[PDB]
Amino acid sequence: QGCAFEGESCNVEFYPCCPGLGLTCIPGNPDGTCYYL
């Protein structure tokens, strides 16, 4: 649990972006968009 794709809205409190790939939720608080680093 806690895997979001690019362009999707993820929360940095329980359901963050997808790890291992390199995504980042912007702003993320409470939730942001998962962008590739």
# chains A, B, ... in the order shown; residues from 1 in each chain; ligands from 1

call {"tool": "residues_around", "arguments": {"residues": "residue 33 of chain A", "least_positions_apart": "3", "cutoff": "6 Å", "atoms": "only C-alpha atoms", "output": "VMD selection string"}}
result
chain A and resid 7 to 9 25 to 26

call {"tool": "residues_around", "arguments": {"residues": "residue 14 of chain A", "least_positions_apart": "2", "cutoff": "12 Å", "atoms": "only C-alpha atoms", "output": "number ranges by chain"}}
result
A: 1-4, 10-12, 16-17, 28-31

call {"tool": "decode", "arguments": {"residues": "segment 8-20 of chain A", "atoms": "N, CA, C and O atoms", "output": "compact mmCIF listing (two decimals), in the first residue's frame"}}
result
# COMPACT_ATOMS: atom_id res chain seq x y z
N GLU A 8 -0.51 11.62 -10.86
CA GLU A 8 -1.53 11.24 -9.88
C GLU A 8 -1.31 11.98 -8.55
O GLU A 8 -0.19 12.40 -8.25
N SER A 9 -2.38 12.11 -7.77
CA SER A 9 -2.32 12.79 -6.47
C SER A 9 -2.16 11.79 -5.33
O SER A 9 -3.04 10.95 -5.10
N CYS A 10 -1.02 11.88 -4.63
CA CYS A 10 -0.73 10.99 -3.51
C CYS A 10 -0.55 11.80 -2.22
O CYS A 10 -0.18 12.98 -2.27
N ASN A 11 -0.81 11.15 -1.08
CA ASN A 11 -0.68 11.79 0.23
C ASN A 11 0.63 11.36 0.87
O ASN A 11 1.00 10.19 0.82
N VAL A 12 1.32 12.31 1.50
CA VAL A 12 2.60 12.01 2.15
C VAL A 12 2.40 11.64 3.63
O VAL A 12 3.34 11.70 4.44
N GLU A 13 1.17 11.23 3.96
CA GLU A 13 0.81 10.88 5.33
C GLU A 13 0.51 9.39 5.47
O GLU A 13 0.73 8.81 6.54
N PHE A 14 0.00 8.77 4.39
CA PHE A 14 -0.38 7.35 4.40
C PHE A 14 -0.19 6.69 3.03
O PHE A 14 0.35 5.58 2.94
N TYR A 15 -0.63 7.37 1.96
CA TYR A 15 -0.53 6.84 0.59
C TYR A 15 0.41 7.71 -0.28
O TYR A 15 -0.06 8.48 -1.13
N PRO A 16 1.76 7.63 -0.07
CA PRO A 16 2.74 8.42 -0.85
C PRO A 16 2.90 7.90 -2.29
O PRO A 16 2.15 7.03 -2.73
N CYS A 17 3.89 8.45 -3.02
CA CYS A 17 4.16 8.05 -4.41
C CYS A 17 4.75 6.63 -4.47
O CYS A 17 4.90 5.97 -3.43
N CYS A 18 5.09 6.16 -5.68
CA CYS A 18 5.66 4.82 -5.87
C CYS A 18 7.18 4.82 -5.64
O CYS A 18 7.91 5.52 -6.36
N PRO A 19 7.68 4.04 -4.64
CA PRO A 19 9.12 3.97 -4.33
C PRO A 19 9.90 3.06 -5.29
O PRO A 19 9.31 2.18 -5.93
N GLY A 20 11.21 3.29 -5.38
CA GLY A 20 12.06 2.51 -6.27
C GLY A 20 12.23 3.13 -7.64
O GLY A 20 13.28 2.99 -8.27
